Structure formats: C-alpha cells, structure tokens
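See structure below.
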Amino acid sequence: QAXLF
Amino acid sequence: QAXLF
Amino acid sequence: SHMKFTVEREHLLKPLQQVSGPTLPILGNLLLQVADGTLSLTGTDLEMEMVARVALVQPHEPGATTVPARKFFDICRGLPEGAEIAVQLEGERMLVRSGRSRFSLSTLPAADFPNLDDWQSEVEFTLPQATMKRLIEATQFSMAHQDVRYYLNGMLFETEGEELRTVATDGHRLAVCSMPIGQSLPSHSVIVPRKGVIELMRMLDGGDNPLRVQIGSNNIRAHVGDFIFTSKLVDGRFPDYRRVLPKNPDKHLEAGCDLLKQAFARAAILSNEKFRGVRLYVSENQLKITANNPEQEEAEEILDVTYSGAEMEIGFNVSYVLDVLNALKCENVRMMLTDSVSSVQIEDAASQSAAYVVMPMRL
Amino acid sequence: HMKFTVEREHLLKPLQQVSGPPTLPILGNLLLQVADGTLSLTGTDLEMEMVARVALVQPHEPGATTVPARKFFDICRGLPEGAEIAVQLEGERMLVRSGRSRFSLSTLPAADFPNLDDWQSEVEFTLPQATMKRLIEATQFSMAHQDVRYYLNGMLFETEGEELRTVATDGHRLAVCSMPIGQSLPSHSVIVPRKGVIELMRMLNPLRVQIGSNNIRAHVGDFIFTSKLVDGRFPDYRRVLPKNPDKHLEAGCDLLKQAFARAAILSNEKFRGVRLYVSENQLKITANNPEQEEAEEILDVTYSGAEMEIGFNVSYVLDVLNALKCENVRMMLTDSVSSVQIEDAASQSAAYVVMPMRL
C-alpha cells in the first residue's frame, strides 16, 4: 500500500 | 438464588 | 480424483450453507463426493455432522475431495442469481467456473476426512418440522451454558406413549414442553448437546414438511428433506424434572401477559445489575413488583391481577421471569405459587402444553 | 425544587437524541432544567454536547438537577403509549410517576454538570438536512480510525463561494463531496472529530450550522448539537487529486462491485490485494493468497486507453462502489504507481481517490 502524500 | 436440587 | 459436476447456484446455496454451519485443518473443509447422479456435501466438528445431497441432472464424473467450506460457499453466494456453477478436480486443486469467473481452490484428501462411527437406531419416528421447532423454541432459553454440570449444557429429548417432550434447565429455572406426534413410542430419554440443539433448530424452515428422527444410545439423527444431521448425545444423567415440579401450588395468580411483561421490564431498570432481583408482593386482585439497587434507587409497579389466595412476598431474578413471559407469547399468563421459598409454575392461561418452573431468590 | 408533567411522546426523541453519547460519573447523567414553560435536557462527554428543548403546557415549578441518562430514557420508553409522566425532585432523588408506576432516581448537583466554554461564531448558514446527510454519507467511510495522525480521525468541513464541502482521508484513500447551498459563504476550513460526525449524522426541517475557530454547532428543530473542532492541520487534498488522468474506464456499478466482492474471497486476508488488467473494452481482476489459490474475473467495460496493470486493496475499492449507489461508474487512471479517481458516471458532486498497491 502506497501513501497519498 | 436458590438451586431446584 | 477425476471428480466433475455442473449445477445451478440455487441448488447449491442452502445445501452449502447448512453444511458449512477450526482446531484441525480438515474440519474447516467440506467433503464433496459425486456418485450415481448425486453430489454429497459433508461438514463436521467431530461431535456432529451435517450431510446434504444434491441431485445432478447435467453430465458428471465420480470422485471425492475436500475444499474450504467458507470460501466455496462465499464463491457460490457471490455469483449472480441463476448462475451455472461448473466444478472439477484438477490435480490437487478444485476448479470452480461460472460465466467469466474462475476460482482455483486448495484441497486436502477425502481419505483424511473424519466420519462419525456407525451406530444402531433404538427409537424412530416422524413429525412436522413446526412441532419440533415449537418444542425447541419453547425450552431452548432454559438450557445452561458452560455449567460445570456438563449434563445441563443441553436439552433432554424424551419419548413416552404418543408424545415427544423437551426439557431444559440450569438449576435456577426449568422449561418443559410436550407435543403429541400420533405414533406409539418407547420410553426413551436422551440429552442432546446445546450445539446440536442450535444446529437441529437452524435447519427447520419447512413448517409442515416432515422430519424423521432416529435416536440411539450415544447418537441422534434428523432427516429434513435432503439433509441428514447427526450428533453425539451427552453421556450424563439428567435431573428428574418431575421431582422439582410444584406438587401443590395452592395460590393461583392470573394477569395479562403483556402488562405483566412490561411491568417487570420497567422494574428491572432499577434492579441490581449482577443479581437482577425483584420482589413480588401479591394480595387480593393485586401484584406489587419492587426493585432495588446499590445506588439506593427504587422502581415500583402495582398491577390489577386475578388473585384470591393468602397475601405473600416472593423474590425473583427478573431476567428468568421475563424470559418465560417472552417465550409464552399469549394473551393471559397463570403463575401458580406455594410459599416464599418454593418454586413457581408459570403457564399460558389457555394452554398446558408448555410449563415453566422458576426457583426464587431469598428476600 | 424542580417539577414538571409531560406526555411520554413529547419526551422520547428529546431523551433519545440527548442520551446518544462512563469515565466520570456526572457524564452518564442528563442535566434537566425547568424555566419559563420550557424543559431543557442536556447530555455531554466534555468534547461535544446535545441540548433538547421540550415546551411545558401543564403546571410546573422551576429548578435543576442531573439524572442517569440511560435509566430515565428506558423508564420513559418502557411506559405505555400515551402515558403522562409526572416528574419532581424530592431532596436528593428525582421521582418519576405515571399511572401506578413509581421510580426514585439518584441525582448529582446541577452545579457540578460540565458546560462547554462560550465561543463566538465566524461562519453561519442554513441547508436541508438531506444535503448534510448526503455530504457526510458520501465521505464518512474514508475517515481514519485511531490513526497516530490525530487530524485524520475526523472529517474536514469546508465553505467556499456558494458550496459546502466535506473531505475525509486515512492516507491510503480519500473522499470529497461538494454540495451547493445557495448562500455566499466565506473561505473557512475546519476538522470535525469522528465522534461529532456520527452525532451530527444521528440528528438528521432545515438545519442551521454555526462554525467558530474551535467549535461547530448544528440546530435541527428543537435540538442544538455542539462539538469541539480537532486542533490540527488537515492535508491539502487538492495536491492529491489526479492532475492528468488520461485513461478512462466505464462499467456497471453493480457488475463491477460483484466481481471485486467475488475476487476478494481468494485475496490475502491481511493485505486484501487485487490486480486490475485494463485493455480494449475489458477489465480482468485477479486475486492471489498464500495458499496458492486464485480468483479471476473478466468484465465487459468501456475503455479505449493503453493497456496497463494496477494493484489495489479490494476493500477500499468496494467501499467506494458501495458509497456511489449508481448505475455506472467512471475509473480515471494515470499509471501503475499513481492514484485512481472513481466517480459516478452521471454525477461529479462526489469524487474518490484511491492510492494503489505495488503489485
């Protein structure tokens, strides 16, 4: 899972 | 609470 | 080994759901077997087993395997309404296909699946599913849960003359319900485990459809439609419920089931949260319910009842009284009292089929 | 001493809404106040407070006290339909009487009841309750829960021009919903805590909202809900929105939802990862788990972009498809390592941005 920022 | 037996 | 079957989604759902109803990995899987135009699904936890049979119209190949119960049911449930589910064993993987949806499931050998050891039936009879539902529903709530007296963690199923009876108790309250099934039965009494009572109860959604019950010395079986539920019986001695039934309850109270239930529910709010104690003061055509708690709060209810006996005071766990009033579901209720230290028999004023005995609390 | 007599039906919803939200004993009670033909009921947990006003037609005596919230509501709820509830303070116990039912409740002083400190409103407007319900419902699921970044454990409420906007995110997925309320508003942005969002949702006649620097208030009929705002800086959600999502997919909301729900069965139970392969008018969803089981779904979609592969947490995708509740959806992609903007194909009011998984 990649974070939005 | 009283037991039945 | 070369197991294959194609079947509708609707013909697989209830069979899968009932069977799927872990400690060892294989107990979390369902044993699937195809043989002579029949798909058999089997689930088990070693104490009880559910076998469901689904007839195969379309072409099939025989064989057997075990597959994850929850995932296979969720796959079939998730597919669209009216779906055609094509199943086939590919090596050590069970393939499920429907439309453009493909699922490869893991398997464990069918030889490793546990089976309940064979037994001989002693008692056997048939009755409507609604009669068995009524028998369980009327007494289920009085069964004990995790009691050290393991024999109370279940329901007594008893046959006598032409009646099937269910009895359930936890030492404080008792419930007994008898229903005539119109067949001459032998005198037999067995304890069905509370897990088995729940499973047996969860599969009776066919009302007047028949149910065949076969009882043995250590096992009980139930045939509902295409299902076969089997459970081990609790190996213990159930107490003599006839001994504890009130012998001479001279004092008879009669009141509205709902009005009495709403009064106990209101008084219960200010009763002790652990002991749930309420005090009943009965007098000429009147019932006064009182509840106290450690915060020095008090609830008091005065009702108009039909009572011509001597004035008396008696304590009770309000939850046990409410459970009986919720179970009766009638217009008027009858409480048959003796003294302040003896049990009360509570029944429907219009029916004797179900009776409830509650032991009081010392006030 | 306090005294009032009122119908059961005029007390139920006022008691139910006020009892909605025990650490310290007085927080489990409702402060009752009788004054000038009005009964005021007040519940609080120190962060938020709900005030309900019930008008008194029958004779009454002024005063105040606090009583157990749950027991007093259960007493009033348990009484028969059409009951007349006579209440009066007798020393240190409140007496509730109705017919032949009598209840003596314990009390704590009205002076000991906590009150939210006074504040001044900066922004103020009115809107229908359905518009506020839609705004919260559309973004509530994307709020974080017990996140170390405390400012994400809540919903951003933002006014700009003639629109009220709600924003909610947990760092992985984001939800925005904007609705026009037809009134010129100033540029203001505040974080309402997740507990306050739930209570504001629970009370939805017009709705009047008043917002300050550290507080927010909502007036619905005879109820007044107030909550403290989260004192933190919400991330600039505008910086996250996909800038140039060239690749556009269009499919049936339900068919896409049922395919992701089926594929999720054989996805990893911890990471919930699914792989999406988009090609000319086609979407293939694949799910794998450590038991070497695989689910695969091929759907007919509307897609004319370049062929690409992208990973996603299937729960975050299903949450967006469950929230949209529409006929068709629009998935707006960029590349395998950038976020996807998911919207209703017939409406731009609500947009959802999901960060993918490296799969």
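Chains H, E, A and D supply the protein sequences, listed in that same order. In this text, residue positions in the first sequence follow the authors' numbering: the first is 403, and each later residue adds one. In this text, residue positions in the second sequence follow the authors' numbering: the first is 403, and each later residue adds one. For the third sequence, the positions run -1 to 19, 25 to 366 when the authors' numbering is used. For the fourth sequence, the positions run 0 to 20, 25 to 207, 212 to 366 when the authors' numbering is used. We put the beta carbon where it would ideally sit given N, CA and C, even for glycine.
Leaving out five residues before and five after residue 164 of chain D in sequence, what residues of the same chain have Cβ atoms less than 8 Å from its Cβ?
-> 187, 188
Where residue 7 of chain A and residue 56 of chain A are concerned, what is the direct C-alpha to C-alpha distance, given to the nearest angstrom?
-> 15 Å
Between the Cα of residue 212 of chain A and those of A:223, A:230, A:196, spot the shortest distance and give me the residue it belongs to.
-> A:230
At a cut of 8 Å, does the stretch 321 to 336 of chain A reach the stretch 257 to 271 of chain A through at least three beta carbon pairs?
-> yes
Which residue or residues does DSSP assign as beta-bridge partners of residue 191 of chain D?
-> D:162
Buried or exposed: which applies to residue 20 of chain A, given that a residue is buried once 16 or more other Cβ atoms fall within 10 Å of its Cβ?
-> Since the model of chain A includes 19 and then 25 but nothing between them, residue 20 of chain A has no atomic positions to report.
Residue 129 of chain D versus residue 122 of chain D: straight-line alpha-carbon distance, rounded | 19 Å
Starting from residue 251 of chain A and walking both ways along the alpha helix (DSSP H), at which residues does that stretch end?
-> From DSSP, residue 251 of chain A is part of no alpha helix (DSSP H); its letter is neither H nor E.
Is the Cβ of residue 105 of chain A closer than 8 Å to any Cβ of chain D?
-> yes
What first and last residue would you give for the alpha helix (DSSP H) that runs through residue 80 of chain D?
-> 72 to 81
Going along the chain, which residues of its own chain have a beta-carbon closer than 6 Å to the beta-carbon of residue 13 of chain A, five neighbours each way excluded?
-> 44, 55, 57
Measuring CA to CA, which of D:51, D:40, D:133, D:178 is closest to residue 66 of chain D?
-> D:40
Burial state of residue 252 of chain A, where buried means 16 or more other Cβ atoms lie within 10 Å = buried
Which ranges does the alpha helix (DSSP H) cover as unbroken runs of at least 4 residues, wholly within the stretch 277 to 365 of chain A, from first to last along the chain?
-> 321 to 331
Chain A partners of residue 272 of chain D, CB-CB under 8 Å?
-> 74, 77, 78, 81, 106
Taking only the alpha-carbon atoms, compute the straight-line gap between residue 388 of chain D and residue 319 of chain A and give it to the nearest angstrom.
-> Because chain D spans 0 through 366 in this model, residue 388 of chain D falls outside it and cannot be assessed.
Could you list which residues in chain E have their beta carbon closer than 7 Å to that of residue 185 of chain A, in chain order?
-> Going along chain E, no residue has its Cβ under 7 Å from residue 185 of chain A, so there is no contact; the nearest lies around 32 Å.
For the beta strand (DSSP E) that contains residue 97 of chain A, what are its first and last residues?
-> 96 to 101
is_contact[residue 268 of chain A, chain D] using C-beta, thresh 8 Å | yes
Which residue's Cα is closest to the Cα of residue 79 of chain A: A:108, A:166, A:95, A:364?
-> A:108
For residue 156 of chain A versus residue 197 of chain A, is the C-beta spacing smaller than 8 Å?
-> yes
Looking at the structure shown, is residue 29 of chain A part of a helix, part of a strand, or coil, going by DSSP?
-> helix
Residue from A:170, A:64, A:284 with nearest C-alpha to residue 135 of chain A = A:170
Between which two residues does the beta strand (DSSP E) harbouring residue 126 of chain D extend?
-> 126 to 131
Cβ neighbour criterion (16 or more within 10 Å) applied to residue 38 of chain D | exposed
So residue 210 of chain D is in the beta strand (DSSP E); what residue range does that whole segment cover?
-> Regarding the residue in question, residue 210 of chain D is not represented: chain D runs 207 and then 212, omitting everything in between.
Got a sec: is the Cβ-Cβ distance from residue 365 of chain D to anything in chain H below 8 Å?
-> yes
Say whether chain D places a C-beta atom closer than 8 Å to the C-beta of residue 225 of chain A.
-> no
Below 8 Å on the Cβ atoms is my guess for residue 145 of chain A versus residue 406 of chain E; work out the distance and round it to an integer in Å.
-> Not really, about 11 Å apart at Cβ, beyond 8 Å.
Consult DSSP for residue 3 of chain D and reduce its assignment to one of helix, strand or coil.
-> strand
Unbroken alpha helix (DSSP H) run spanning residue 268 of chain A, endpoints | 260 to 271
8 Å Cβ cutoff, residue 177 of chain D in contact with chain H = yes
According to the neighbour-count rule (16 or more other Cβ atoms, all chains shown, within 10 Å of its Cβ), is residue 118 of chain A buried or exposed?
-> exposed
Chain A partners of residue 305 of chain D, CB-CB under 7 Å?
-> 103
Of the listed residues D:4, D:214, D:316, nearest to residue 366 of chain D (C-alpha basis) | D:316
Any non-hydrogen atom of the ligand COA within 7 Å of residue 273 of chain D CB = Here there are no bound small molecules, and the ligand COA is not part of this structure.
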